[PDB]
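J.: Residue numbers (the entry's author numbering), protein chains in the order written: chain K, 2 to 81; chain A, 17 to 327; chain 7, 37 to 264; chain J, 1 to 41; chain 3, 54 to 279; chain 2, 43 to 254.
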Amino acid sequence: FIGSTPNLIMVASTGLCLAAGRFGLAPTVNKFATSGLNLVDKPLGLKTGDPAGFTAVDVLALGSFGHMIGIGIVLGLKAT
Amino acid sequence: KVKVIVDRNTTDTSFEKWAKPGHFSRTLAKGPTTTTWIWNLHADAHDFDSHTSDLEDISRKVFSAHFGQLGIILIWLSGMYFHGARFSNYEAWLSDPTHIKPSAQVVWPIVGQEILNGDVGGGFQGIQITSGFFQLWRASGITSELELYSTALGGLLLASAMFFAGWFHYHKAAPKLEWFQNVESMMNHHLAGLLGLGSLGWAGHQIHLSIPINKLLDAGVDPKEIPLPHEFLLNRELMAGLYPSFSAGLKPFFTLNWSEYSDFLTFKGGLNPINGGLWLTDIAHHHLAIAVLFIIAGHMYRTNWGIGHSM
Amino acid sequence: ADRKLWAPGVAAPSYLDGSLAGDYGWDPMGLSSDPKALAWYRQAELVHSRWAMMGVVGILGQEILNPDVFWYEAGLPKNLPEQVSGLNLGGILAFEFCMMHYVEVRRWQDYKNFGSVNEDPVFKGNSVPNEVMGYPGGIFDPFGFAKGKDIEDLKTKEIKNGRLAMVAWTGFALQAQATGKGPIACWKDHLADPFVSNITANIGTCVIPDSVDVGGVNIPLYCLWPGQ
Amino acid sequence: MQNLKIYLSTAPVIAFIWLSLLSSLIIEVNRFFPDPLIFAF
Amino acid sequence: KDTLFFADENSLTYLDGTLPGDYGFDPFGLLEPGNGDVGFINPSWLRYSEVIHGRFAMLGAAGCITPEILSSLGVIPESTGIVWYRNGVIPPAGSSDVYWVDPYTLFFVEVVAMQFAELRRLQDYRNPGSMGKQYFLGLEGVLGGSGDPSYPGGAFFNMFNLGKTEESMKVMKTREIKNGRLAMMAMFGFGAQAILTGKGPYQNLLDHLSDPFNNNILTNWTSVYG
Amino acid sequence: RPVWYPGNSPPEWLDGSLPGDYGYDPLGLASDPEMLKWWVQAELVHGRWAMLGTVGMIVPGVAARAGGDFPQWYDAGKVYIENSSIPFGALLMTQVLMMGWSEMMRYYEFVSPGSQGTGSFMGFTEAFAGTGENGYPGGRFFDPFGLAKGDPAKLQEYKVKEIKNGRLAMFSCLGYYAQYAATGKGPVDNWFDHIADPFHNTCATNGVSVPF
Ligand code: CLA
Ligand SMILES: CC(/C=C/C=C(C)/C=C/[C@@]12O[C@]1(C)C[C@@H](O)CC2(C)C)=C\C=C\C=C(C)\C=C\C=C(C)\C=C\[C@@]12O[C@]1(C)C[C@@H](O)CC2(C)C
Ligand SMILES: CC(/C=C/C=C(C)/C=C/[C@@]12O[C@]1(C)C[C@@H](O)CC2(C)C)=C\C=C\C=C(C)\C=C\C=C(C)\C=C\[C@@]12O[C@]1(C)C[C@@H](O)CC2(C)C
Ligand SMILES: CC1=CCCC(C)(C)[C@H]1/C=C/C(C)=C/C=C/C(C)=C/C=C/C=C(C)/C=C/C=C(C)/C=C/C1=C(C)CCCC1(C)C
Ligand SMILES: CC1=CCCC(C)(C)[C@H]1\C=C/C(C)=C\C=C/C(C)=C\C=C/C=C(C)/C=C\C=C(C)/C=C/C1=C(C)CCCC1(C)C
Numbered sequence: 002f003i004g005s006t007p008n009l010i011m012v013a014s015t016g017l018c019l020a021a022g023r024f025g026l027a028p029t030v031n032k033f034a035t036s037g038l039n040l041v042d043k044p045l046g047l048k049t050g051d052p053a054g055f056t057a058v059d060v061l062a063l064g065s066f067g068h069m070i071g072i073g074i075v076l077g078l079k080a081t
Numbered sequence: 017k018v019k020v021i022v023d024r025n026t027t028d029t030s031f032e033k034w035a036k037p038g039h040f041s042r043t044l045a046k047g048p049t050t051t052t053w054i055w056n057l058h059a060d061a062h063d064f065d066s067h068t069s070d071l072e073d074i075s076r077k078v079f080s081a082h083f084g085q086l087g088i089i090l091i092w093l094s095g096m097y098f099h100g101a102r103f104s105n106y107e108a109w110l111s112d113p114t115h116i117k118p119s120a121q122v123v124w125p126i127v128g129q130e131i132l133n134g135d136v137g138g139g140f141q142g143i144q145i146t147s148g149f150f151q152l153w154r155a156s157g158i159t160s161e162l163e164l165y166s167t168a169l170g171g172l173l174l175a176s177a178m179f180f181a182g183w184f185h186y187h188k189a190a191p192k193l194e195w196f197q198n199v200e201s202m203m204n205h206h207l208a209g210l211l212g213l214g215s216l217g218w219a220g221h222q223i224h225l226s227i228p229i230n231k232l233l234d235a236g237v238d239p240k241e242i243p244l245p246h247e248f249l250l251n252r253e254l255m256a257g258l259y260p261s262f263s264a265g266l267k268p269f270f271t272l273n274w275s276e277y278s279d280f281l282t283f284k285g286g287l288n289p290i291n292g293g294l295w296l297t298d299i300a301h302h303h304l305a306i307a308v309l310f311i312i313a314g315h316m317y318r319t320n321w322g323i324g325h326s327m
Numbered sequence: 037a038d039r040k041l042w043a044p045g046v047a048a049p050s051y052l053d054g055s056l057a058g059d060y061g062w063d064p065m066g067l068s069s070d071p072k073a074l075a076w077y078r079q080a081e082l083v084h085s086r087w088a089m090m091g092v093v094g095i096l097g098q099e100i101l102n103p104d105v106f107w108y109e110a111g112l113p114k115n116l117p118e119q120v121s122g123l124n125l126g127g128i129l130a131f132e133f134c135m136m137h138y139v140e141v142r143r144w145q146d147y148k149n150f151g152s153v154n155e156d157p158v159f160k161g162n163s164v165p166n167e168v169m170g171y172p173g174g175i176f177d178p179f180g181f182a183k184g185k186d187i188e189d190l191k192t193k194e195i196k197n198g199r200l201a202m203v204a205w206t207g208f209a210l211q212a213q214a215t216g217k218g219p220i221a222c223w224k225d226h227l228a229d230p231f232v233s234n235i236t237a238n239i240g241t242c243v244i245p246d247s248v249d250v251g252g253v254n255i256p257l258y259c260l261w262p263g264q
Numbered sequence: 001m002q003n004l005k006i007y008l009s010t011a012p013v014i015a016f017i018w019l020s021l022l023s024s025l026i027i028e029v030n031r032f033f034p035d036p037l038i039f040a041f
Numbered sequence: 054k055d056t057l058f059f060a061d062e063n064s065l066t067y068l069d070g071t072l073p074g075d076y077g078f079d080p081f082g083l084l085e086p087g088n089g090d091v092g093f094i095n096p097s098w099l100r101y102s103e104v105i106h107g108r109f110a111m112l113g114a115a116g117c118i119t120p121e122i123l124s125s126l127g128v129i130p131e132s133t134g135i136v137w138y139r140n141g142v143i144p145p146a147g148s149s150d151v152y153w154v155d156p157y158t159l160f161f162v163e164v165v166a167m168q169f170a171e172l173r174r175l176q177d178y179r180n181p182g183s184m185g186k187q188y189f190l191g192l193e194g195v196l197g198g199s200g201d202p203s204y205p206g207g208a209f210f211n212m213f214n215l216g217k218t219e220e221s222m223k224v225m226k227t228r229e230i231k232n233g234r235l236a237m238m239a240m241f242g243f244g245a246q247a248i249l250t251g252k253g254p255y256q257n258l259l260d261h262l263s264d265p266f267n268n269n270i271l272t273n274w275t276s277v278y279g
Numbered sequence: 043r044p045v046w047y048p049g050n051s052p053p054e055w056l057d058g059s060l061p062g063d064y065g066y067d068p069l070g071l072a073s074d075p076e077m078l079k080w081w082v083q084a085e086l087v088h089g090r091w092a093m094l095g096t097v098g099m100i101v102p103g104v105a106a107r108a109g110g111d112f113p114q115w116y117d118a119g120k121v122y123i124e125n126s127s128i129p130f131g132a133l134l135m136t137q138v139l140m141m142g143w144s145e146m147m148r149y150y151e152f153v154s155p156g157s158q159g160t161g162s163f164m165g166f167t168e169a170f171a172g173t174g175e176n177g178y179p180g181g182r183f184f185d186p187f188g189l190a191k192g193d194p195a196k197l198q199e200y201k202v203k204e205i206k207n208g209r210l211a212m213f214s215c216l217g218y219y220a221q222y223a224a225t226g227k228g229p230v231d232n233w234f235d236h237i238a239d240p241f242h243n244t245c246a247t248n249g250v251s252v253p254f
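1. Considering only heavy atoms of ligand 3 and the C-beta of each residue, which residues fall inside 7 Å, strictly closer?
2. Please report the residue range of the alpha helix (DSSP H) in which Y108 (chain 7) lies.
3. Just to confirm my understanding: we take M147 (chain 2), look at its own chain, exclude 5 residues before and 5 after, and list those with CB closer than 7 Å. What are they?
4. Quick check on the burial criterion: 16 or more other C-beta atoms within 10 angstroms. Buried or exposed for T50 (chain A)?
5. Three or more beta-carbon pairs under 8 Å between the segment 227-235 of chain A and the segment 286-300 of chain A, yes or no?
6. Taking the C-alpha atoms as reference points, what is the distance between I237 (chain 2) and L94 (chain 2)?
7. Using only Cβ atoms and a threshold of 6 Å, which residues come within that distance of a heavy atom of ligand 5? Order them by chain position.
8. Among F269 (chain A), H206 (chain A), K117 (chain A), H246 (chain A), which residue has its Cα nearest to the Cα of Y317 (chain A)?
9. Looking only at its own chain, which residues have a Cβ that is under 7 Å from the Cβ of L60 (chain 2), when we skip the five neighbours before and after it?
10. Under 8 Å: does the beta carbon of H205 (chain A) sit that close to some heavy atom of ligand 1?
11. Name, please, each residue of chain J whose Cβ falls closer than 7 Å to the Cβ of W34 (chain A).
12. Decide if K72 (chain 7) is buried, meaning its Cβ has at least 16 other Cβ atoms within 10 Å, or exposed.
13. Output, in chain order, the set of chain A residues within a Cβ distance shorter than 7 Å of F55 (chain K).
14. Counting only the same chain and skipping the five closest in sequence on each side, list residues whose C-beta sits under 7 Å from that of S5 (chain K).
15. Hey, would you say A108 (chain A) sits closer than 9 Å to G137 (chain A), going by beta carbons?
16. In angstroms with no decimal places, state the Cα-to-Cα distance between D69 (chain 3) and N8 (chain K).
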């Protein structure tokens, strides 16, 4: 397909998850969730070249979780 | 934090202590004074809290002995497939299942006990089977006797791998306490590794074997004309004839329209009014649907990387 | 001292000095060691080098001077000359065995111990002079050189010519085997049209019969590689 | 081999091995000499 | 140093500049500070299977492609230009039957002779100097081995004596691993690239250069032969 | 010492002096010192029956190339009692009578080496007395050429040859059985069959050893 509407969605879903998963939208290796829903710690010492505290594992997490919603929306549309 | 962390050459594998009954608990090592020492031995043999104190000694004994149970279960499964191989009537059952009653065990003639062999079917004499192996083996797409010998051996082979694992993880390389203290790893793995992958793996057996085979049977063919199993996954055009959507390849999976597979992945419910079982198309859609859901649920515990909960 | 070793950078093995004749310090298999083996192996290298040098010349002498009679055969009682051909090879081989079995056993025992019997039996008044294990020649060199003048230098020329033969002679046996041509013949083919006369062609064919029998069904010929 | 014997000499081992020698024998006596009610033969 | 390559806090602690070809990529911390031993997971072993897998891969990759090319160029005959997995190793995928005997005979001589190779190799890993002691056809002097198990050295195994100055020796080793690691992935591709497409790996170099935008993985799914 | 599987060390209990001791006891059945001398005789006996069995198989086979009508080693049992002239029972029960005498005599010299040649078996002292080693009787009858009497350094050098030739006769006599059950033909027939067309006569082509 390459640009058909499901591709509109998925690139705009996963790439959207880790888009600002870069900064402050979701949990990342560094900053972990609290029970009081703070979203702040970030004291983890994994070594990654990157301007601020964005691990390579944060990539796999956010992308892989991006595809659920990515698929859940694309199938939410297709079935409907 | 989560590492392997094992010891080495902890105990010594020898018969030294087999000849010294009761060697484990301090009270039994003194030999029988009375006849109770014979009884008090057995009740205290698997109680590992009386043996020792620390969890390193207890857990190793516990973990290394689970291999024992699994090494026994597999000798058991192997035996059940073997008696399906040689001593069962299975082929005759497989062709005319609505009549022939299932049988495996066969009784040696001696002591006038051969009367236990019942006239059953397929020109055969043996004991009835209530276990239900035959009505599994049809649903696994097992036709000839050769698949059964291959499980009997393969089952009896991997059984020998377990006792070595049992030996290897107690005498030779024994984990430490910290290794058994990792629940969140253990729970990520069991839930994703066993149940998550073990459902896919089986959802991949049904799709390429049972679904095709069990269509050719109730269509009225018999095991003589059924293509060998490796014919199915090594021939598309053979497979596509049964279900046309294999001609679509893996694109529909990747092009993200799964309605394409509605032929061999269904949602039906109810019993198939030929075999009586559940429609075997959706059972693949069953495990597949679960497997995807387990692997998800195995990621909620953090291990090294600070993603996921702790307990 | 290092003369020149076979590969440019290498370490001559400990037991390899260059005391022997053609030493380049090449024994990558490490097979020679514990010199009791070396003495033995040296003997073979000589004996092989010599029969090869005689062999190579004898093959060139055959084909040049007898244009027929493809060399690799020559055995069966067809190619044989006129006085022969009807000497019944089984009686010819008889004449050879008792001759070689003596001389070879005669040489072998002079390897076991040394300087032991270098002397004539029978007349037993005379002997070949001193040597080191395989360089006789009181009789075996009648002409007396390689005695006073440079000796090992002639020894050096002996190996380097010998080793050349063992390879060259080996070329004969495999060339004549695949091509079906004598050495100077297959050479003449190459000079004619090299690109199509090359070893690139005519491999995968041993072109040899598997029977080749004389007084029976005899003598299986197993070629070398299984080219059909 | 020292200690393998001593284990094979334990009570339950012989109890198994030696009964399985009777059991087998008494089984096969009935194979060749079937149905022995009275000692008549 | 130039680790990058997913270097961790722990992964760089014990593993830094030492082992030839160390980029500090060790995500699971397998090679480790000897916290456990006597298994197939430890620095002594994992390094030594990495090298060996490297070398076979090199010999694998070079051996899978070369017959495919030399026949394509019209050099060796076509009957022997069988694609590497169709050589008769995998009868379900076809059998070539070119050989002077059957495959099973060849597999007997292999298993015998190949076992003298590798069982001989462990005893040097389990007993560092042992295989240069007992008499084996006089080969023991050059088969004794030296240093660590991964690099034998000796007379035979290194005959041309390259890496003398220990300056280049590390370089040549690092130069060897980086080719081994590359060689493995190459072989890892073949198995998939042959099952997805169904054609040769060299044939798959042409089809991707004839229509690069099209012939591809995402193009080829509906192919999937076997 | 040149052990089998080079690079290991022998099992610690047997490094000792035994003819043909390579340190091979991978299941450790020599671990009982009393029992080892029982296995050393057990081997020696098998080695001696092997070396007689092998020749007994090959020669009638090799005899059959020139004609001379013998059977193969298998189905030489029938051919004799096919032509019979004496019943099977009388033969097998003369076995157990005469043969059992030797063995049950061979045993009580192993048990107690002193007896069996104290006397009072038809005299014959010192012929049966035994030379003191496990499986070597020595003596007048068992050793008519008086060998193993002179130089001992030459003797210990035979005792090695006897085993090593015995271990090979056993391991070959395992081949005679196994390659009969597959190809169903004599030992020298196979030795010609593989020397004639080596390629299609090999083991993988018997259709039994390599099932499909
Ligand atoms: C994907 C990873 C994975 C998988 C599949 C398993 C699988 C299993 N674990 Mg397990 N485990 C893991 C990771 C994993 N573990 C980790 C990381 C830890 C450390 C905390 C543990 C700690 C642990 C303990 C403490 C115990 C288990 C047990 C078990 C068994 C469950 C009991 C049962 O009914 O098995 C059903 C059996 C089968 C379905 C047969 C399949 C078995 C084959 C051999 C697959 C085994 C794969 C496994 C990962 C080992 C592979 C590596 C090894 C070959 C080198 C099962 C074999 C229990 C057990 O049985 O102990 C022996 C148990 O007591 N595990
Ligand atoms: C050896 C090998 C292939 C060998 C092939 C051979 C000999 C082939 C021989 C033949 O082909 C020929 C010659 C001729 C053919 O006609 C027939 C045969 C006879 C068949 C492939 C290895 C292939 C090996 C591969 C692909 C290994 C991949 C491993 C990876 C990626 C590991 C990564 C990690 O270990 C790190 C890096 C860090 C850890 O902390 C984390 C993880 C992730 C675990
Ligand atoms: C005696 C023998 C053969 C005797 C042959 C005879 C009498 C000949 C008989 C015949 O002439 C007649 C009678 C009639 C003829 O018409 C036909 C025949 C029938 C042919 C073979 C022994 C054959 C015996 C063999 C082959 C034994 C092999 C044993 C091995 C390899 C054991 C190894 C181990 O025991 C150790 C060494 C150490 C442990 O720690 C490890 C393990 C592995 C347990
Ligand atoms: C260097 C080389 C490369 C290729 C082949 C190979 C690898 C083997 C290698 C060859 C090495 C060599 C030199 C092998 C020797 C081969 C040969 C031909 C040896 C001699 C063979 C023949 C011999 C004695 C005599 C044969 C004559 C016989 C019976 C009988 C003749 C007679 C008839 C026909 C019947 C009755 C009367 C009588 C007189 C008996
Ligand atoms: C930020 C930006 C600007 C400057 C730098 C730079 C140019 C590098 C750029 C940074 C990053 C870029 C360009 C890309 C990053 C990550 C990319 C391309 C991919 C990462 C993750 C992708 C993922 C998980 C997709 C799928 C993964 C999984 C498991 C999906 C699993 C699946 C689910 C759960 C449903 C069913 C089963 C299936 C389909 C297997």
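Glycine residues also receive a C-beta, built at the ideal position from the N, C-alpha and C atoms.
T.: According to the structure shown:
1. My final list is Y66 (chain 2), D67 (chain 2), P68 (chain 2), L69 (chain 2), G70 (chain 2), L71 (chain 2), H88 (chain 2), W91 (chain 2), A92 (chain 2), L94 (chain 2), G95 (chain 2), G98 (chain 2), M99 (chain 2), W115 (chain 2), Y116 (chain 2), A118 (chain 2), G119 (chain 2), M212 (chain 2), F213 (chain 2), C215 (chain 2), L216 (chain 2), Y218 (chain 2).
2. Taken as a continuous stretch (DSSP letters only), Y108 (chain 7) belongs to no alpha helix (DSSP H), as it is neither H nor E.
3. Taken in chain order, the residues that qualify are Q158.
4. When all chains shown are included, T50 (chain A) counts as exposed.
5. Contact between the segment 227-235 of chain A and the segment 286-300 of chain A is present: three or more C-beta pairs spanning the two stretches fall below 8 Å.
6. Their backbone Cα atoms lie some 25 Å apart in a straight line.
7. Spelled out in chain order, the answer is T15 (chain K), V60 (chain K), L61 (chain K), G64 (chain K), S65 (chain K), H68 (chain K), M69 (chain K), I72 (chain K), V308 (chain A).
8. Ranking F269 (chain A), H206 (chain A), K117 (chain A), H246 (chain A) by Cα distance to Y317 (chain A) puts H206 (chain A) first.
9. Non-local C-beta neighbours of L60 (chain 2) in its own chain, meaning closer than 7 Å and more than five positions away in sequence, comprise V82, ordered along the chain.
10. Of the heavy atoms belonging to ligand 1, at least one sits nearer than 8 Å to the Cβ of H205 (chain A).
11. Ordered by position in chain J, the residues that pass the 7 Å Cβ test against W34 (chain A) are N3, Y7.
12. Exposed, by the Cβ-count rule.
13. None at all; the shortest Cβ gap to chain A is about 13 Å.
14. Closer than 7 Å at the Cβ level, and outside the excluded window around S5 (chain K), lies no residue.
15. Taking 9 Å as the Cβ cut-off, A108 (chain A) and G137 (chain A) qualify as a contacting pair.
16. Between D69 (chain 3) and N8 (chain K), the C-alpha separation is close to 43 Å.
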